[PDB]
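Report on the structure given below.
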Amino acid sequence: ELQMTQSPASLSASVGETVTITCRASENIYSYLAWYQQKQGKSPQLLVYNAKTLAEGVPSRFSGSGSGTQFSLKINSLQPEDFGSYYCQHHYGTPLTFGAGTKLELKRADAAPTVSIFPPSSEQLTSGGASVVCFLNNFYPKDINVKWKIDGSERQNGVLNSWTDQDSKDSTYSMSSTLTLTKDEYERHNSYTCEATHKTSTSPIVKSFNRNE
Amino acid sequence: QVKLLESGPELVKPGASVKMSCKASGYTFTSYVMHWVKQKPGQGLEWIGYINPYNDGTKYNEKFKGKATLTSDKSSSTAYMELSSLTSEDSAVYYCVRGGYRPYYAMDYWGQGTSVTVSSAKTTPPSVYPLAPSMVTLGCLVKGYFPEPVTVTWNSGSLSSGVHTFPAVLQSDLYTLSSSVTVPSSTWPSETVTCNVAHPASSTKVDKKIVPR
C-alpha cells in the first residue's frame, strides 16, 4: 500500500547545529504527515502533525514543512535532548504507515578504545566452559573490527559481539566481545589475543595474555 | 493524567496465542480509539490496527487481519490484543497507543509496551562469572539464560558512573550479557565491588563480589 521513505538512515551532528531530515510518501498524502521522536529504551513521542503543527510542549526549534509527497523536519540549533531516532507517519486514512526512521547521533572527535582482556574465571572453568572477554570502551566512531587469535590463528567460532548505544555523557560507543571455548580446548593453547582495528590507529590495539602466567 | 498500563513480558511457544492488556485511565475511555503498534528490537514501527471502545468497531492493517484480534472492555477501561499462530517474526514489543479525537489523528500517548518472545527454548537461569584483571576495569559475565531480561547493577546502584552494560546476545537459544565497571585503581580491592544480577523469569538473584585472581 502506501510506503514512507526517510532520509538519511543516519546522521551525525553537533549541539548547536541545524539539520534537516526528510520523508517521502509514495503517493499524495496532502499535509497529513506526523513526526515522532524515540529516545533509546523509551516509548515514542509525538512532535509534529499536519506536517507543520507542533504537538503540545514541543520546543519551537522544531519545524516541519512540506505537502504532497515530500516532507522535512528541521531542527534548529540542536540540543542534547534531541538526539535519538525520528519517524515520520502519514495520517491520511488507514492503514497508517511509518518511515523506517532516521537515527540522529552526536558528532565528536575520533577516540581510540580502552581495551581490557579477561581470561576465564577459575569458577567458570569448573563448569566445563571457558569464556575470554574483551571490553573495547569509549571509542568513536562506532565502526570497529575485533579479531580473536589463539596461538596466532584467528578464531571465528563462538565469538559473541555486542555494542552499546551512544553514551550520552561523552558521545562514545563501547563494545564487548566474548570468545567462548570449552575448558579442555582452552587448556590446549597458551596465547590468547583480542585485536581491535579502528580508524584512530594504523596499527591494531592488542591485548594478550598467556594462560599459564 | 492519561496513563496506559500494559501487561508484562510474555514468553510463548511457536503456534500458541498470546493476549495482552492495556488498561487506560485519566480520560474518557470510549471517546478515543486505541491503536496497537509493533516494534521489533532495533527496528521500525508497524501499525497493527485500532479498536473504537465506543462501539467495539475495528480497523486492521490487512497484514494483521486474521492474525491479531483487538477487543475492548468498557467497564474495566481495558483494551486487549490477541495474536495467534505465533512465529519468531512476532517477537517484538507491542504498544497500545491512544488515538486522537478522530481515528486518523496523530497518536499522542504511547504505552510502555509489552515485549513478546516467541521461542521453544526453556526458561533457564543465568550463570554469573566475575571478570577480575590509574583506573582499573572490572566486569561480570552473565551467561546461558533465557528469556530476557536480566538487570545488572554494581554495589546495588552506588557505583553508577563508569558502567557499561552490554545488550544481550543470543547464542544457541541462550543469552549472554556482560557488564563492565571502571573504578579508580587505588580503591580496588580495598573497597569492594559487587555485581547484582536479577533474572525475574527464573526468580533468581545472584550477587558476585569481584576479587583479585
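If you read the protein sequences in the order shown, they are chains L and H.
Note that PDB author numbering has the first sequence beginning at 1, numbered continuously upward.
Under PDB author numbering, read the second sequence as residues 1 to 52, 52A, 53 to 82, 82A to 82C, 83 to 100, 100A to 100C, 101 to 126, 134 to 213, first letter to last.
Beta carbons are placed, not taken as given, at the ideal position from N, Cα and C, and that holds for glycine.
- At a cut-off of 8 Å between beta carbons, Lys143 (chain H) contacts chain L.
- With a threshold of 8 Å between beta carbons, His198 (chain L) makes no contact with chain H.
- In this chain, the alpha helix (DSSP H) harbouring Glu123 (chain L) covers 122-126.
- In terms of Cα proximity to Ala88 (chain H), the closest of H:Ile48, H:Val181, H:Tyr100A is H:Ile48.
- Look at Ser171 (chain L) here: in three-state DSSP terms it is coil, with no helix or strand label.
- Closest in alpha carbon position to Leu11 (chain H), among H:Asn52, H:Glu61, H:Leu5, H:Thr117, is H:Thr117.
- The C-beta of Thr30 (chain H) has fewer than 16 other C-beta atoms within 10 Å across all chains shown, which makes the residue exposed.
- Annotated as distal: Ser17 (chain H) and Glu85 (chain H), with beta-carbon spacing of 8 Å or more.
- Taking a Cβ-Cβ threshold of 8 Å, the residues of chain L close to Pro167 (chain H) are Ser162, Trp163, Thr164, in chain order.
- Contact between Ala51 (chain L) and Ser63 (chain L) does not hold, since the beta-carbon distance rounds to 10 Å and is not under 8 Å.
- By alpha-carbon distance to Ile21 (chain L), the top candidate from L:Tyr86, L:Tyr92, L:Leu181, L:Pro95 is L:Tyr86.
- In the structure shown, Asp82 (chain L) adopts helical secondary structure according to DSSP, grouped into three states.
- When DSSP reads this structure, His164 (chain H) sits in a beta bridge with H:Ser180.
- For the set L:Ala109, L:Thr18, L:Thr94, the Cα lying nearest the Cα of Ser72 (chain L) is the one of L:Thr18.
- Burial check for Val206 (chain L): the Cβ neighbour count within 10 Å stays below 16, so the residue is exposed.
- Restricting attention to beta strand (DSSP E) runs no shorter than 3 residues, the stretch 29-62 of chain L encloses them at 33-38, 45-49, ordered along the chain.
- Contacts with chain H (Cβ-Cβ distance below 7 Å) from the stretch 65-78 of chain L involve no residue at all.
- Under DSSP, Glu154 (chain L) shares a beta bridge with L:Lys149.
- Secondary structure at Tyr186 (chain L): helix, using DSSP grouped into helix, strand and coil.
- Within 10 angstroms of the beta-carbon of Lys143 (chain H) lie 16 or more other beta-carbons, which makes it buried.
- Interface annotation, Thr176 (chain H): in contact with chain L, CB-CB separation under 8 Å.
- Nearest neighbour of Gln6 (chain L) by Cα position, chosen from L:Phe83, L:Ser67, L:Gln89, turns out to be L:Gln89.
- Interface annotation, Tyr122 (chain H): in contact with chain L, CB-CB separation under 8 Å.
- CA-to-CA, the gap between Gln70 (chain L) and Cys23 (chain L) works out to about 6 Å.
- Put simply, of L:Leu54, L:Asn138, L:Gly41 the residue whose alpha carbon is nearest the alpha carbon of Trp35 (chain L) is L:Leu54.
- The shortest C-alpha to C-alpha distance from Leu170 (chain H) to any of L:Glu195, L:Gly158, L:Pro141 is the one to L:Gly158.
- Across the set L:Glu123, L:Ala9, L:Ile144, L:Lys183, the C-alpha of L:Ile144 shows the shortest separation from the C-alpha of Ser201 (chain L).
- Neighbours of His199 (chain H) across chain L, judged by C-beta separation under 8 Å, do not exist; the nearest C-beta is about 17 Å away.
- DSSP lists L:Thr114 as the bridge partner or partners of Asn137 (chain L).
- Using a CB distance cut-off of 8 Å, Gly106 (chain H) counts as an interface residue toward chain L.
- Below the 9 Å Cβ cutoff, chain H contributes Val37, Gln39, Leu45, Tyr91, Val93, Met100C, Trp103 as neighbours of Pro44 (chain L), in chain order.
- The straight-line gap separating the alpha-carbon atoms of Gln166 (chain L) and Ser74 (chain H) is approximately 44 Å.
- Nearest CB-CB separation between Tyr30 (chain L) and chain H: not below the 8 Å threshold.
- Burial is judged here by how many other beta carbons sit within 10 angstroms of a residue's own beta carbon; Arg94 (chain H) has at least 16 and is buried.
- In summary, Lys58 (chain H) is buried, with 16 or more beta-carbon neighbours lying within 10 Å of its beta-carbon over all protein chains present.
- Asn60 (chain H) reaches chain L at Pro95, counting residues in chain order whose Cβ is nearer than 7 Å.
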